Amino acid sequence: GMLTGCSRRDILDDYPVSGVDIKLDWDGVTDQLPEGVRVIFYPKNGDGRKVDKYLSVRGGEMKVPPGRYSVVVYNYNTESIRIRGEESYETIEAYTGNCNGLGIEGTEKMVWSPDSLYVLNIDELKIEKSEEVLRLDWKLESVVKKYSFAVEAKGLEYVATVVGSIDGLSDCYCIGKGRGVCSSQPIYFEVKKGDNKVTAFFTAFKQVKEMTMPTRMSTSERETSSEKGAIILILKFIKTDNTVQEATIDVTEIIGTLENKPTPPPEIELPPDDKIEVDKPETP
């Protein structure tokens with residue numbers, strides 16, 4: 001392992017600071033609270049004077065000097081999810097690693113499913129010069145969508161293991177931009193095999209931030225581009241002789257059906273023409 005050290009702002013103690021007090025509400029956000037959150041203030045006026053702090057899951061005091069900023073708040077302790085581009089609001093991106101150490105061919109080209117990420121991103125916040133502590137009341141947004149499905153498949157007796165992948169979903173999330181992005185690298189997921197069914201669970205980032213920013217004012221005509229992307233589910237059946245048979249399913253029109261005492265996963269009905277059948281392995 002290799003660690004990256006940092007220090008506090010040296011003229012944060014020399015220059016006057018009207019501190020802020022962040023309170024975080026998690027009511028109806030999640031019952032499984034994160035370890036804590038990271039808060040970054042990117043100055044708009046200033047030459048890269050970013051005020052950065054790790055806080056309690058409930059928030060806390062933080063000394064921000066006055067000025068116009070862009071803000072990001074996300075949960076730091078995550079398994080699959082990694083952060084890059086933290087130097088600028090416009091580049092801070094959440095991503096997953098490529099599947100390493102799996103025994104099935106082609107998993108190296110795939111990325112892991114993202115674990116839970118909670119984000120708040122304000123394009124513009126103006127901290128004024130104040131004698132008293134400015135009180136922010138924030139709530140974070142779950143930017144990771146969960147999916148599940150079940151599909152009927154003949155001859156699973158011939159299958160050793162099944163490896164699922166889903167192309168076309170957001171496997172990256174631009175925290176500052178508030179949009180998910182697709183790296184064209186499939187998200188890998190394990191598939192549970194029954195006798196006549198296969199069940200799987202996976203996750204992906206939201207295409208776009210759903211939080212309402214009542215104060216956000218855009219001068220550019222509103223953006224809509226979801227349809228310019230096909231969503232393909234791939235089931236890689238590894239046979240008992242280590243042979244592989246793949247099944248490619250286009251879930252573009254039903255992807256929403258798959259989002260979610262728990263509920264059994266939605267069945268992906270196939271025409272009798274496109275039924276999944278694993279052919280008995282060849283014999284000498």
# chains A, B, ... in the order shown; residues from 1 in each chain; ligands from 1
>>> residues_around(residues="residue 155 in chain A", least_positions_apart="6", cutoff="8 Å", atoms="only C-alpha atoms", output="ChimeraX atom specification")
/A:195-196,277-280
>>> write_last_selection(atoms="N, CA, C and O atoms", output="CSV table (one decimal), in the first residue's frame")
chain,number,residue,atom,x,y,z
A,195,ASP,N,-33.0,-24.6,-11.6
A,195,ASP,CA,-33.1,-25.8,-12.4
A,195,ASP,C,-33.7,-25.4,-13.8
A,195,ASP,O,-33.2,-26.0,-14.9
A,196,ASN,N,-34.6,-24.4,-13.8
A,196,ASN,CA,-35.2,-23.9,-15.0
A,196,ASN,C,-35.2,-22.4,-15.1
A,196,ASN,O,-35.5,-21.8,-16.2
A,277,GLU,N,-31.7,-21.9,-24.4
A,277,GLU,CA,-31.4,-23.3,-24.2
A,277,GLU,C,-29.9,-23.6,-24.2
A,277,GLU,O,-29.3,-23.3,-25.2
A,278,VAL,N,-29.4,-24.2,-23.2
A,278,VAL,CA,-28.0,-24.6,-23.1
A,278,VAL,C,-27.9,-26.0,-23.8
A,278,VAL,O,-28.6,-27.0,-23.3
A,279,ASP,N,-27.1,-26.2,-24.8
A,279,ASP,CA,-27.0,-27.4,-25.5
A,279,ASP,C,-26.0,-28.3,-24.8
A,279,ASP,O,-24.9,-27.9,-24.4
A,280,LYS,N,-26.4,-29.6,-24.6
A,280,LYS,CA,-25.6,-30.7,-24.0
A,280,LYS,C,-24.2,-30.6,-24.5
A,280,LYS,O,-24.0,-30.5,-25.8
>>> residues_around(residues="residue 166 in chain A", least_positions_apart="6", cutoff="12 Å", atoms="only C-alpha atoms", output="PyMOL selection string")
chain A and resi 110-113+147-149+182-190+200-204+230-236+247-252+255
>>> closest_residue(among="A:181, A:72, A:276, A:122", to="residue 217 in chain A", atoms="only C-alpha atoms")
A:122
>>> atom_distance(atom1="CA of residue 97 in chain A", atom2="CA of residue 81 in chain A")
7.5 Å
>>> closest_atom_pairs(of="range 55-75 of chain A", to="range 23-46 of chain A", cutoff="6 Å", atoms="only C-alpha atoms", output="JSON lines")
{"residue": "A:55", "atom": "CA", "partner": "A:37", "partner_atom": "CA", "distance": 5.3}
{"residue": "A:56", "atom": "CA", "partner": "A:36", "partner_atom": "CA", "distance": 4.8}
{"residue": "A:57", "atom": "CA", "partner": "A:36", "partner_atom": "CA", "distance": 4.2}
{"residue": "A:58", "atom": "CA", "partner": "A:24", "partner_atom": "CA", "distance": 4.9}
{"residue": "A:59", "atom": "CA", "partner": "A:23", "partner_atom": "CA", "distance": 4.8}
{"residue": "A:68", "atom": "CA", "partner": "A:44", "partner_atom": "CA", "distance": 5.6}
{"residue": "A:69", "atom": "CA", "partner": "A:43", "partner_atom": "CA", "distance": 4.3}
{"residue": "A:70", "atom": "CA", "partner": "A:42", "partner_atom": "CA", "distance": 5.0}
{"residue": "A:71", "atom": "CA", "partner": "A:41", "partner_atom": "CA", "distance": 4.7}
{"residue": "A:72", "atom": "CA", "partner": "A:40", "partner_atom": "CA", "distance": 5.2}
{"residue": "A:73", "atom": "CA", "partner": "A:39", "partner_atom": "CA", "distance": 4.6}
{"residue": "A:74", "atom": "CA", "partner": "A:37", "partner_atom": "CA", "distance": 5.4}
{"residue": "A:75", "atom": "CA", "partner": "A:37", "partner_atom": "CA", "distance": 4.2}
